[PDB]
């Protein structure tokens, strides 16, 4: 068809339905898990992922896009297990998630070689399977657009131009990285509308957010529940304001929820302080009803959660 799914036949973008554009079934550091497997519990990770996905589906979520890629512990077989246990439509991606430097493997390797990896996942399959990547994921954060970060961005541009899969980004809302990602990508020939600039919901600086959307890309209001970056109420007020200003055409909403994540920052003790209501269904419980009670009609909701993901992937 058009959009590849984990453990399923590919579907036309018109079949994507209600979508969570940015959620993680499981995140871990590849090298740590490989070296110290005693730190991880696959049974628990699987239960958590399945339980979260099931609840998401009980609210009418049809499709989840999971931008777990190199550096976040992408595991296609785990994803496949989750799909088999839930029946969710799952879009897996390819890409590289780094903030500073690429792994030593890439020393003296070209941007083209990097893009070749993305294209391989897109055209042939991920990690030895026939499950194909439906988008490319790239990142930048506090360190900004380092040289390796830039190489990855340009490789993503090459992959998009070859295969037409969209590009999802991770960015830091406070240091211009999102705008810079969009700039490099569009200069490399990437259609602005094939890019989702991520984590813009971490700021209430609406002029910045509008600037990215106005240049043609989707804007990721995609960390609902992560109060340590920005509280739910402030995200809500920002979201509502953008909608009132007519930006529904570019808005994408999600939680960036990790059903399991191995970082020290996570960990139960900090959750009450850092992300008390963080989960894969918070927007159904809080955000969406908030918007409706403030005059946002169902047609806008559908644009955000059905139409935008549809355009993104077509």
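Residue numbers count along the first chain shown, from 1.
Would you determine, from the values in the PDB entry, which of 254-262 and 66-74 has the greater average C-alpha temperature factor?
If you average the C-alpha B-factors of 66-74 and of 254-262, the larger mean comes out for 254-262.
Once you work out the mean C-alpha B-factor for both 41-49 and 268-276 from the entry, which is higher?
Higher mean C-alpha B-factor in the PDB entry: 268-276.
Among 160, 94, 175, 217, single out the one with the highest C-alpha B factor in the record, please.
The C-alpha B-factor peaks, among 160, 94, 175, 217, at 175.
From the list 108, 89, 169, 127, select the residue with the highest C-alpha B factor recorded in the entry.
If I rank 108, 89, 169, 127 by C-alpha B-factor, first place goes to 108.
Thinking about Cα B factors across the chain, which third does residue 284 belong to?
For residue 284, whose C-alpha B-factor we compare with every modelled residue in the chain, the answer is the middle third.
Is residue 121 in the lowest, middle or highest third of its chain when residues are ranked by C-alpha B-factor?
According to the entry, residue 121 has a C-alpha B-factor in the chain's lowest third.
If you rank the chain by CA B-factor, which third does residue 222 end up in: lowest, middle or highest?
As the PDB entry reports it, the C-alpha B-factor of residue 222 lands in the lowest third of its chain.
Where does residue 82 sit by CA temperature factor within its chain: lowest, middle or highest third?
Bottom third by C-alpha B-factor.
Lowest, middle or highest third: where is residue 194 by C-alpha B factor in its chain?
Answer is middle: the recorded C-alpha B-factor places it there.
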